[PDB]
């Protein structure tokens, strides 16, 4: 039978600083992601559909550093990287340094499916997003106060 595994990063809050509310919120987010990927596999969808939908869910969850709740660069912007790979033929698509596409993983997949390339950057990558009719969002959608404060604190502790 099918199976799915997921992660929302190794950059976890240390246990001694993790509250019961945040712990519960985190497990809830991971649960919603598992459901997104489970629904696909359950419905007889591909492994590719499963990991795409799962990662799109992780992008949508603001607790995880992808799509919404993406960390900030030194210059207070988002630069988002993503990749998919299918084990049948080692077919792949990836992007780096992107901002605007709501779900970078859906762009990574658009690259694999629409081009002969396995990695694309800058405006060429965004051009594929537009061709593929992928959703774009404003900078506010991706913004989360905690990540913004994380940047300001991180920059302050370099002085």
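Positions refer to the first chain, counted from 1.
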In the PDB record, does 21 to 29 or 146 to 154 carry the higher mean Cα temperature factor? 146 to 154
Mean Cα B factor from the PDB record: higher for 37 to 45, or higher for 50 to 58? 37 to 45
Among the modelled residues of its chain, the C-alpha B-factor of residue 81 falls in the third labelled lowest
State the tercile, meaning the lowest, middle or highest third, of residue 103 with respect to the CA B-factors recorded for its chain. lowest
Ranked against its chain, the third holding the CA B-factor of residue 69: highest
Per the entry's values, where does residue 13 land by CA temperature factor relative to the rest of its chain, in the lowest, middle or highest third? highest
With respect to C-alpha B-factor, does residue 109 fall in the lowest, middle or highest third of the chain as deposited? middle
